[PDB]
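A quick write-up on the structure given underneath.
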Amino acid sequence: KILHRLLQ
Amino acid sequence: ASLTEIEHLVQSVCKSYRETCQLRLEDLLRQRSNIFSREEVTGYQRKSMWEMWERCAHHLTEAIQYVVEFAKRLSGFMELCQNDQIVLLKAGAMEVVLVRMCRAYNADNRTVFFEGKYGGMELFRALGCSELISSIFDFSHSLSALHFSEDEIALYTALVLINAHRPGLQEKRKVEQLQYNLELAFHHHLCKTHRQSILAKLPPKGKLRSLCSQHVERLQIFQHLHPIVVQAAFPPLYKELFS
Ligand SMILES: CC1(C)CCC[C@](C)([C@H]2CC[C@]3(C)[C@@H]2[C@H](O)C[C@@H]2[C@@]4(C)CC[C@H](O)C(C)(C)[C@@H]4CC[C@]23C)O1
């Protein structure tokens with residue numbers, strides 16, 4: 001997920 | 001939290017907000033006379049619906065990226081499990097963007113800063129959701145009337161996100177504590193500045209959720225009629241949060 005990536 | 005500590009939270013949230021805005025408020029105000037011509041408005045209106053959706057979803061996605069950066073800056077957020085971070089962002093990121101939109105809205109002529117100039121709601125007519133767009137502009141008009149300070153919009157947007165009632169939270173009591181700290185900071189700040197009168201004038205709860213629901217419903221219709229466009233030309237972050 002993009003969102004997982006953006007979160008770290 | 002104690003008094004100095006509540007006030008430090010106010011300050012931290014304000015700085016996080018200011019640091020994660022797309023554009024500086026002074027640059028938006030200085031551009032208020034720069035308004036799309038009739039010809040330019042017509043150009044937008046005549047664009048195909050799929051292309052205008054794609055373009056608008058691109059700008060929405062960029063705005064969402066800034067909200068994720070804001071969330072990451074709030075105390076406690078980065079310490080929540082990823083499930084809960086994503087629960088909060090799915091439920092609230094679009095709400096935050098709709099609140100932030102008031103910075104780009106000129107209540108005097110009912111225009112918004114979009115792609116380098118100010119235009120009215122009629123700029124977006126190609127999307128085929130004019131009732132929704134009208135409701136969004138009216139929501140910005142309601143927020144403009146409040147004349148938020150930076151502190152007030154920073155804290156109010158933090159509270160849109162940090163909401164312990166969201167279905168799916170695995171650490172509900174932690175989020176409860178974070179939300180309470182923020183509420184106490186917000187209300188303290190309003191008490192100190194003689195601005196408690198705004199609390200009665202904030203949008204009813206339900207209003208933001210209804211705008212966000214309308215978007216998802218409209219998206220469902222779009223994606224059904226144009227699935228390859230969504231697959232090929234909408235941003236992944238948008239699809240992850242809304243599809
Ligand atoms: C999904 C799609 C296509 C169709 C369904 C309806 C929305 C969500 C509209 C409604 C409001 C909408 C017109 C939005 C656009 O995507 C993106 C803008 C936008 C973020 C675009 C960039 C601008 O500088 C600004 C002022 C910050 C606006 C505010 C208004 C907003 C949110 O659009």
Side-chain angles (χ1 to χ4, degrees), chain B residues 17 20-32 34-36 40-41 44-45 47-70 90 92-144 148 153 157 160 203 207-227 229-243:
Chain B
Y17 174 85
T20 61
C21 288
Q22 283 182 291
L23 301 170
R24 281 208 335 296
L25 183 52
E26 75 166 47
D27 210 64
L28 290 162
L29 294 184
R30 293 202 294 157
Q31 291 248 35
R32 283 159 73 99
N34 198 11
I35 301 171
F36 285 113
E40 285 160 346
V41 170
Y44 282 113
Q45 290 176 332
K47 288 206 128 287
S48 55
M49 180 170 78
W50 73 274
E51 288 168 53
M52 191 58 177
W53 268 75
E54 173 190 349
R55 199 130 155 189
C56 289
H58 166 56
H59 290 291
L60 175 58
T61 296
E62 298 178 305
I64 293 169
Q65 289 167 182
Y66 281 100
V67 173
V68 174
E69 287 178 14
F70 174 64
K90 284 189 197 171
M94 176 76 173
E95 294 180 334
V96 175
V97 170
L98 272 356
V99 171
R100 284 175 161 214
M101 178 184 159
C102 79
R103 307 163 78 242
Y105 176 82
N106 179 175
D108 301 332
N109 59 4
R110 304 176 184 274
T111 62
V112 73
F113 195 71
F114 176 75
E115 295 189 352
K117 301 190 184 188
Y118 284 84
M121 73 185 155
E122 84 280 357
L123 209 70
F124 299 98
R125 188 173 292 169
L127 295 174
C129 54
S130 74
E131 236 147 293
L132 170 58
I133 300 275
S134 196
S135 303
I136 292 173
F137 271 69
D138 289 352
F139 183 76
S140 270
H141 191 264
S142 297
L143 295 175
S144 294
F148 285 138
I153 189 159
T157 61
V160 170
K207 178 60 181 182
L208 274 165
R209 185 84 273 154
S210 173
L211 304 171
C212 293
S213 292
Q214 288 171 251
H215 168 217
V216 170
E217 287 161 358
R218 177 74 189 85
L219 171 60
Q220 294 177 345
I221 292 157
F222 185 90
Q223 184 157 182
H224 184 67
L225 297 173
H226 308 268
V229 174
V230 173
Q231 186 185 4
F234 277 34
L237 179 63
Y238 179 96
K239 288 185 285 185
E240 187 179 345
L241 293 169
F242 303 120
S243 283

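All values below come from the heavy atoms of this structure, side chains included, with hydrogens, waters and symmetry mates left out. Counting starts at 1 for both ligands and their atoms, following the listed order. Every chain is numbered from 1, with letters handed out A, B, ... down the list of sequences.
- The heavy atom nearest to atom 6 (C) of ligand 1, out of those in B/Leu23, B/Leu123, B/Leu132, is found in B/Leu132.
- Side-chain atoms of B/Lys239 and B/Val230, non-hydrogen and from C-beta on, do get closer than 4.5 Å to each other.
- Of all protein heavy atoms, the one closest to atom 27 (C) of ligand 1 is B/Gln22 OE1, 4.7 Å.
- Taking atom 13 (C) of ligand 1 as the reference point, the nearest protein heavy-atom neighbour is B/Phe124 CE2, 3.8 Å.
- Taking every heavy atom of B/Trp53 and a limit of under 4.0 angstrom, the matching atoms of ligand 1 come to 3 (C), 4 (C).
- B/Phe148 places none of its side-chain heavy atoms less than 4.5 Å from the side chain of B/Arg103.
- Interface of B/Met101 with ligand 1, defined as ligand atoms under 4.0 Å from a residue heavy atom, comprises 29 (C), 30 (C).
- For atom 15 (C) of ligand 1, the nearest protein heavy atom is under 4.0 Å away.
- Considering CZ of B/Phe114 and OH of B/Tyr44, their distance stands at 5.0 Å, rounded to 0.5 Å.
- A distance-only check finds a donor-acceptor pair linking the side chain of B/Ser144 to the backbone of B/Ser140 [under 3.5 Å].
- Neither the backbone nor the side chain of B/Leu219 comes within 4.0 Å of ligand 1, counting heavy atoms alone.
- Ligand-side atoms of ligand 1 in range of B/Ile136: 10 (C), 11 (C), range being under 4.0 angstrom from any heavy atom.
- Residue B/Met94 has at least one heavy-atom neighbour below 4.0 Å for each of these atoms of ligand 1: 8 (C).
- Between the side chain of B/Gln45 and the backbone N or O of B/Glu122, at least one donor-acceptor pair lies under 3.5 Å.
- Note that atom 19 (C) of ligand 1 has no protein non-hydrogen atoms nearby, at separations under 4.0 angstrom.
- In this structure the side chain of B/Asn109 reaches within 4.5 angstrom of the side chain of B/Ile35, judged on heavy atoms.
- Here the side chains of B/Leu208 and B/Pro203 are not in contact, with every heavy-atom distance at 4.5 Å or above.
- At least one protein heavy atom sits closer than 4.0 Å to atom 29 (C) of ligand 1.
- Ranking the protein heavy atoms by distance from atom 5 (C) of ligand 1 puts B/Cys129 SG, 3.8 Å first.
- Between B/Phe139 and B/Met101, every side-chain heavy-atom pair lies at or beyond the 4.5 Å cut-off.
- Atom 21 (C) of ligand 1 has its closest protein heavy atom at B/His59 CB, 3.7 Å.
- In this structure, B/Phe113 and B/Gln22 have side chains that are not in contact, with every pair of non-hydrogen atoms separated by 4.5 Å or more.
- In the model, B/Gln214 has no side-chain atom that pairs as donor or acceptor with a side-chain atom of B/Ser135 under 3.5 Å.
- Counting heavy atoms closer than 4.0 Å to ligand 1, residue B/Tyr238 contributes side-chain atoms (C-beta onward) but none from N, CA, C or O.
- Scanning the protein for heavy atoms near atom 9 (C) of ligand 1, the closest one is B/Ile133 CD1, 4.0 Å.
- Counting atoms of ligand 1 from 1 in the listed order, those under 4.0 Å from a heavy atom of B/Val112 are 26 (C).
- Ranking protein heavy atoms by distance to atom 3 (C) of ligand 1, first place goes to B/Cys56 CB, 3.5 Å.
- Summary of contacts: the protein heavy atom closest to atom 25 (C) of ligand 1 is B/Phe113 O, 4.1 Å.
- Inter-residue side-chain proximity for B/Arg218 and B/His215 is flagged as unmet; no heavy-atom pair is nearer than 4.5 Å.
- Taking the six-membered ring for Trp and the full ring otherwise, the centers of B/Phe242 and B/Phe234 sit at least 6.0 Å from each other.
- Applying the 4.0 Å criterion to heavy atoms of B/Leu60 picks out, from ligand 1, the atoms 16 (O).
- Atom 23 (C) of ligand 1 is approached by the protein to below 4.0 angstrom, counting heavy atoms only.
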